[PDB]
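Residue numbers (our numbering), protein chains in the order written: chain A, 4 to 119; chain U, 7 to 110; chain S, 1051 to 1182; chain V, 1051 to 1182; chain Y, 1051 to 1182; chain L, 1051 to 1182; chain F, 1051 to 1182.
Ideal Cβ placement from N, Cα and C applies to all residues, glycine included.
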Amino acid sequence: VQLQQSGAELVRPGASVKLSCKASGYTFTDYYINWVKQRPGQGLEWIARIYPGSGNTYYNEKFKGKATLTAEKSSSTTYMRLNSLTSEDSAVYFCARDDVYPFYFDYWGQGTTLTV
Amino acid sequence: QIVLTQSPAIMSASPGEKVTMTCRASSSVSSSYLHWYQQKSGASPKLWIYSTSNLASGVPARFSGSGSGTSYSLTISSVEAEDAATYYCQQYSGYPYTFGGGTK
Amino acid sequence: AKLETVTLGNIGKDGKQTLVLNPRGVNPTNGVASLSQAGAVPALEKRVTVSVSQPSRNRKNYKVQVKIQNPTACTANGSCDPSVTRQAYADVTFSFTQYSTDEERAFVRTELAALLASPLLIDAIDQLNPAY
Amino acid sequence: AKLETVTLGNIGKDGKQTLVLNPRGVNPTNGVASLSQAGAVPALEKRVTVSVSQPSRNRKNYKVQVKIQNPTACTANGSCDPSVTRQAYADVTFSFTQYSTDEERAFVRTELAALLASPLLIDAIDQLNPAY
Amino acid sequence: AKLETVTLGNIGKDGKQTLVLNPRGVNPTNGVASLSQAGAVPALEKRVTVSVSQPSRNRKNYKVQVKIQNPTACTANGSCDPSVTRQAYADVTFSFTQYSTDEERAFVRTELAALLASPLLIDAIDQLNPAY
Amino acid sequence: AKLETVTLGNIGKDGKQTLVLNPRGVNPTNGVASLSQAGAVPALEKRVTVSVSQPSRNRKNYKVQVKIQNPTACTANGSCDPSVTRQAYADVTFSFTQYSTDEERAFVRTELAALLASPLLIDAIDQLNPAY
Amino acid sequence: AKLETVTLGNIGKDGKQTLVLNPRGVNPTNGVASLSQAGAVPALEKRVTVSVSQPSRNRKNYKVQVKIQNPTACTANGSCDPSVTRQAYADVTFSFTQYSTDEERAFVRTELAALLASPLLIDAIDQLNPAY
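Set out below in structure tokens:
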């Protein structure tokens, strides 16, 4: 059981991006999926969280209007979208699966860097 | 809403010593909600201690966390090579999660 | 006459949305026909009924009756899927007598369909202001 | 006199927020006028009533009465919209007699509007400390 | 005959999913055999029962009876603690008499298994439309 | 004597946290003074009461009484405002007689304040082990 | 004999987990000793009791009795901490008579501890299959 994201990319500022990580090895609509930013020189922090079997998104208040994210049930992927890109966000973005009693993160995927 | 402080930032390595890093919250983060992760130099992180007491599957015998209240710690006894890379920590209380600063 | 896929156009606050309905048979117990929106879960779909009636030895008057309901569904936390929380109903009854001609019966329907678009009536429904 | 859009200025703990109201007709059942804030859902809006009364053969005194309520709504927990959790009513009643002149009736209103800004009274309401 | 792992193929709306069952003993209190899907929690698994009966001095007829239930779990609240939201049963009873031969008993089973795939019957179950 | 901002130091399991209190008047109905922590919502704050009493023709003994409660509140999942969950009460009553001198009254208070830090008593409260 | 920290090894489905217990005194009301796991909240910890008894003028038989319960927390709702959802009890009672020797009393304990690891019994408990 694993999940892989994407390759590296760059966009020129002002644009907007897609990111995705596809799941495999378990039934898709039964666990939450998160996203995590690691700016390389500093500590790493949390950004959003959604349940695929419904539509329920809770988000961090620092990045409240920055990111929107959806989930397609058939292809079993999860898309995340930024907007108004600048040189403030240039980092690796992880996605990890959890369930809920002791809230911790089971399975990390390999990261996707992003440069502006 | 909650801020972590990991009081060491750098450490030295000798294969016989006993080393220990601590962390401290800014309010009463409850027990059994907070964890420890170790990240390698160039890869994705992985779990080390869940709920501050017990261990994961691939964990060796000797690392043990402890602490009750608002100041917790991980104690390493008999450290060896290919062990220390980074050690973050994070907890969930209320709503937004927050991770540690980092140590090594 | 005969049931079919009744289509509808220019419905809404702006009058741009549409709505399509499908026939779902005639209940022979009480003559009540039915239409429905093509939904999945049978408690989250719009429906329209219509049922003419006939004079018995007790009532002595025809009675056409139309009902509309529109359920609203939202999904609360920690629940896998949608539920129903508020509904908005409707009701129209007619009471034509026995010797009535057809111009009168068309005239009542025409003035009701025209009066449901007057500014007084949309001031009454869409804003809940009493007529004063 | 006549209903209109009553506007209000310098309201709050600092006295910088404003509030505008709209007339919503006179209930002819019991003479109670109404004002309201221009909201969408009719259970999440502020409202103000006012209703003079007249002496019958039983009561023999005029009675002006003003009510204010302010619901507050917490945000969505799933996606289902805004709900009402707490309320904060108010009440003002006057009981002027028959032969009273108008200077007295203005004097009572003036000293009430002045006494709702004394330091004792805002110490009483805004901190819930009893007067001691 | 003898219990074994009953396997099943081509089940679903498309007819591509499969299902395997395991024997879980015979209750000697009332002769009811049982099958089950290999699940973990004993209230989140599909099960099938079957129980022949014999004529007493009261009933005088054989009676084969088959029950099927399928619970559906919601794991919204966390995997460790899922709560069954709703259920969906089934029932088949036969009432063969004493002097019946075996061609009749096979004929009833054959026409039932053929009639559960006619277009009228899947129009009735899968869409909840009454036969009209 | 006279109410003032009672400050406190070295309180906790380690003895490093502090706590400050503010006076909130004397209830003249039953002589019960009050102190409180400077909080916002009046059901999420710590409070301390104290009330001396006097001998009537029925009781014939002085009675000093001190109450402490500490509500701890955490937001529940549905809500958006923090709410009280559990409580933690306390109670101390004294029953000095009429002809008692002041050395005895100081001695009781001194040995109670010393005995609330013995190892037996913190073994009893902080671990809920019975004394055995 | 004497209470101490009872340690345990090779417990689980695999037999690799351990468990340590701490003594928490003897209740003198009914002779029931107690052990416990070193937890924080006193309703989220495992506990084991044991209580010998003596023949009165009514019962005339010894009676050793051991109870085990294991709560498991889950269901954190909101940000308040965890609460108990399930229980898992146990019970063992012995009923040795007066003139019994000690080889018999050891033999019963030995065959019970051996029979709780037979394949029939772990087929019965861990899978909930009835013995058939």
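**Asked** Of all Cβ atoms in chain V, is any one closer than 8 angstroms to the Cβ of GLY1059 of chain L?
**Response** As a working mapping, residue 1059 of chain L is identified with position 9 in the sixth sequence. No, its Cβ sits nowhere closer than 8 angstroms to a Cβ of chain V.
**Item:** Among A:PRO55, A:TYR110, A:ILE36, A:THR89, the one whose alpha carbon lies nearest that of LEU13 of chain A
**Value:** As a working mapping, residue 13 of chain A is identified with position 10 in the first sequence. Per the Cα distances, A:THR89.
**Item:** Under 8 angstroms from the C-beta of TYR1182 of chain F: neighbouring residues of chain Y
**Value:** Taking the seventh sequence and counting its residues from 1, the one referred to as residue 1182 of chain F is at position 132. Going along chain Y in sequence order, the residues near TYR1182 of chain F (Cβ under 8 angstroms) are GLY1075, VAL1076, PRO1078.
**Message:** Is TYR110 of chain A close to chain Y? Criterion is C-beta to C-beta, closer than 8 angstroms.
**Reply:** Within the first sequence, numbered from 1, the residue matching residue 110 of chain A stands at position 107. No - not a single Cβ of chain Y is within 8 angstroms of the one on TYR110 of chain A.
**Asked** Using 8 angstroms as the limit for Cβ to Cβ distance, is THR1122 of chain S near chain A?
**Response** Counting from 1 along the third sequence, the entry for residue 1122 of chain S is found at position 72. No, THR1122 of chain S does not count as interfacial toward chain A.
**Asked** Going by DSSP, what residues sit across from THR1057 of chain S in a beta bridge?
**Response** Translated into the one-based positions of the third sequence, residue 1057 of chain S becomes position 7. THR1057 of chain S is bridged to S:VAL1070.
**Message:** Using a 10 Å radius around the Cβ and a threshold of 16 neighbouring Cβ atoms, would you call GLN41 of chain A buried or exposed?
**Reply:** In the first sequence, the residue the question calls residue 41 of chain A occupies position 38. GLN41 of chain A is buried by the Cβ-count criterion.
**Request:** Would you mind stating whether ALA70 of chain A and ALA51 of chain A have Cβ atoms separated by less than 8 angstroms?
**Result:** Along the first sequence, one-based indexing puts residue 70 of chain A at 67. Along the first sequence, one-based indexing puts residue 51 of chain A at 48. Yes; because the gap between Cβ atoms is below 8 angstroms, this pair is in contact.
**Request:** Taking only heavy atoms of the ligand NAP into account, decide whether any of them is closer than 7 angstroms to the Cβ of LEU117 of chain A.
**Result:** Only the bare structure without any ligand can be found here, which leaves the ligand NAP out of the picture.
**Message:** Measuring straight from C-alpha to C-alpha, what distance separates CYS1124 of chain S and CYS1130 of chain V?
**Reply:** Reading the third sequence from its first residue, position 74 is the one you call residue 1124 of chain S. Reading the fourth sequence from its first residue, position 80 is the one you call residue 1130 of chain V. Taking the straight line joining both Cα atoms gives about 5 angstroms.
**Message:** Within a Cβ cutoff of 8 angstroms, which residues of the same chain sit near residue 1 of chain U, ignoring the five residues on either side of it in sequence?
**Reply:** Residue 1 of chain U lies beyond the stretch modelled for chain U, which goes from 7 to 110, so this question has no answer here.
**Message:** Could you tell me the alpha carbon to alpha carbon distance between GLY1065 of chain V and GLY1059 of chain V, rounded to whole angstroms?
**Reply:** Walking along the fourth sequence from the start, residue 1065 of chain V turns up at place 15. Walking along the fourth sequence from the start, residue 1059 of chain V turns up at place 9. Cα-Cα distance, rounded: 8 angstroms.
**Request:** Would you verify that the beta carbon of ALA1138 of chain S is, or is not, closer than 8 angstroms to some beta carbon of chain V?
**Result:** Walking along the third sequence from the start, residue 1138 of chain S turns up at place 88. No - not a single Cβ of chain V is within 8 angstroms of the one on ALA1138 of chain S.
**Item:** Below-8 angstroms beta-carbon distance, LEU1170 of chain F vs any chain Y residue
**Value:** For the purposes of this step, residue 1170 of chain F is identified with residue 120 of the seventh sequence, where counting begins at 1. Not one chain Y Cβ lies under 8 angstroms of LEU1170 of chain F.
**Prompt:** How many angstroms separate the CA atom of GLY73 of chain U from the CA atom of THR92 of chain U?
**Reply:** Locating residue 73 of chain U in the second sequence gives position 67, counting from the first residue. Locating residue 92 of chain U in the second sequence gives position 86, counting from the first residue. Each residue's Cα considered, the two are about 20 angstroms apart.
**Asked** Leaving out five residues before and five after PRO51 of chain U in sequence, what residues of the same chain have Cβ atoms less than 6 angstroms from its Cβ?
**Response** Working through the second sequence from its first residue, we reach residue 51 of chain U at position 45. Excluding residues within five positions, the ones whose Cβ falls inside 6 angstroms are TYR43, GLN45.
**Message:** Helix, strand or coil, according to DSSP, for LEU47 of chain A in the structure here?
**Reply:** Along the first sequence, read from residue 1 onward, the residue named residue 47 of chain A stands at position 44. If DSSP states are grouped into helix, strand and coil, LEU47 of chain A belongs with the strands.
**Request:** Answer yes or no: do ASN1072 of chain F and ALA1083 of chain F have a C-beta to C-beta separation smaller than 8 angstroms?
**Result:** The residue given as residue 1072 of chain F occupies position 22 in the seventh sequence. The residue given as residue 1083 of chain F occupies position 33 in the seventh sequence. No, these two residues do not count as a Cβ contact at 8 angstroms.
**Request:** May I ask you to list the residues that DSSP assigns as paired with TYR1149 of chain Y?
**Result:** Numbered from 1 along the fifth sequence, position 99 holds the residue referred to as residue 1149 of chain Y. For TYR1149 of chain Y, which the question treats as bridged, DSSP gives no partner whatsoever.
**8 angstroms Cβ shell around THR1135 of chain S - same chain, five flanking residues per side excluded** = Residue 1135 of chain S sits at position 85 when you count from the first residue of the third sequence. Answer for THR1135 of chain S: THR1122, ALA1123, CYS1124, listed in chain order.
**Asked** In chain F, which residues lie with their C-beta within 9 angstroms of the C-beta of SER72 of chain U?
**Response** Residue numbering aside, residue 72 of chain U sits at position 66 when the second sequence is read from its first letter. What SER72 of chain U touches in chain F: nothing, since even the nearest Cβ is about 11 angstroms away.
**Asked** Excluding five sequence neighbours on each side, which residues of the same chain lie with their C-beta closer than 6 angstroms to the C-beta of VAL1142 of chain S?
**Response** If you number the third sequence from 1, residue 1142 of chain S lands on position 92. Around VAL1142 of chain S: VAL1116.
**Where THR30 of chain A falls: helix, strand or coil (DSSP)** = The count along the first sequence starts at 1 and reaches residue 30 of chain A at position 27. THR30 of chain A: coil per DSSP, three-state reduction.
**Prompt:** How big is the Cα-Cα spacing for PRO1092 of chain V and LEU1178 of chain S?
**Reply:** Stepping through the fourth sequence from its first residue, residue 1092 of chain V is reached at position 42. Stepping through the third sequence from its first residue, residue 1178 of chain S is reached at position 128. One C-alpha to the other measures close to 8 angstroms.
**Asked** Within this structure, are the beta carbons of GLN8 of chain A and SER23 of chain A separated by less than 8 angstroms?
**Response** Working through the first sequence from its first residue, we reach residue 8 of chain A at position 5. Working through the first sequence from its first residue, we reach residue 23 of chain A at position 20. Against a cut-off of 8 angstroms, the Cβ pair of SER23 of chain A and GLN8 of chain A comes out as a contact.
**Message:** Going by C-alpha to C-alpha distance, which of A:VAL119, A:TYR54, A:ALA26 sits closest to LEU85 of chain A?
**Reply:** Stepping through the first sequence from its first residue, residue 85 of chain A is reached at position 82. The option with the nearest alpha carbon to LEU85 of chain A is A:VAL119.
**Request:** Please look up how many angstroms separate the CB atoms of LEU1171 of chain Y and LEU1162 of chain Y, rounded, as I've assumed it's under 8 angstroms.
**Result:** Residue mapping note: residue 1171 of chain Y aligns to position 121 of the fifth sequence, counting from 1. Residue mapping note: residue 1162 of chain Y aligns to position 112 of the fifth sequence, counting from 1. Rounded, the Cβ-Cβ distance is 10 angstroms, inconsistent with contact.
**Request:** Could you check the C-alpha separation between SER1086 of chain F and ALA1140 of chain F for me, to the nearest Å?
**Result:** Taking the first residue of the seventh sequence as 1, we reach residue 1086 of chain F at position 36. Taking the first residue of the seventh sequence as 1, we reach residue 1140 of chain F at position 90. Approximately 15 angstroms, taken between the alpha carbons.
**Request:** Measure the C-alpha to C-alpha separation of residue 1183 of chain V and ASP1152 of chain V and round it to an integer number of angstroms.
**Result:** Since the first residue shown for chain V is 1051 and the last is 1182, residue 1183 of chain V is missing from the structure and cannot be characterised.
**Request:** Decide if the segment 64 to 84 of chain A is in contact with the segment 10 to 28 of chain U; the criterion is three or more beta carbon pairs, one per stretch, under 8 angstroms apart.
**Result:** no
**Request:** Using a Cβ cut-off of 8 angstroms (strictly closer), state whether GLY108 of chain U contacts chain A.
**Result:** In the second sequence, the residue the question calls residue 108 of chain U occupies position 102. True, the Cβ-Cβ gap to chain A drops below 8 angstroms.
**Request:** Compute the distance between the beta-carbons of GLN1137 of chain L and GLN1148 of chain L, then report whether it is under 8 angstroms.
**Result:** Translated into the one-based positions of the sixth sequence, residue 1137 of chain L becomes position 87. Translated into the one-based positions of the sixth sequence, residue 1148 of chain L becomes position 98. Contact flag unset, no.
**Prompt:** What in chain A is Cβ-close to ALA1174 of chain F, meaning under 7 angstroms?
**Reply:** As a first step, residue 1174 of chain F must be located in the seventh sequence, where it is residue number 124. The contacting residues do not exist; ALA1174 of chain F stays about 29 angstroms from chain A at best.
**Asked** Counting contacts by CB-CB distance shorter than 8 angstroms, is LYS52 of chain U in contact with chain A?
**Response** As a working mapping, residue 52 of chain U is identified with position 46 in the second sequence. Yes - at least one Cβ of chain A is within 8 angstroms of the one on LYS52 of chain U.
**Item:** Positions along the segment 1103 to 1128 of chain S whose CB lies within less than 8 angstroms of some CB in chain V
**Value:** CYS1124, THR1125, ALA1126, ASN1127
**Prompt:** At a CB-CB cut-off below 7 angstroms, which residues of chain Y make contact with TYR104 of chain A?
**Reply:** Against the first sequence, residue 104 of chain A aligns to sequence position 101. Per Cβ cutoff of 7 angstroms: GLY1128, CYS1130.
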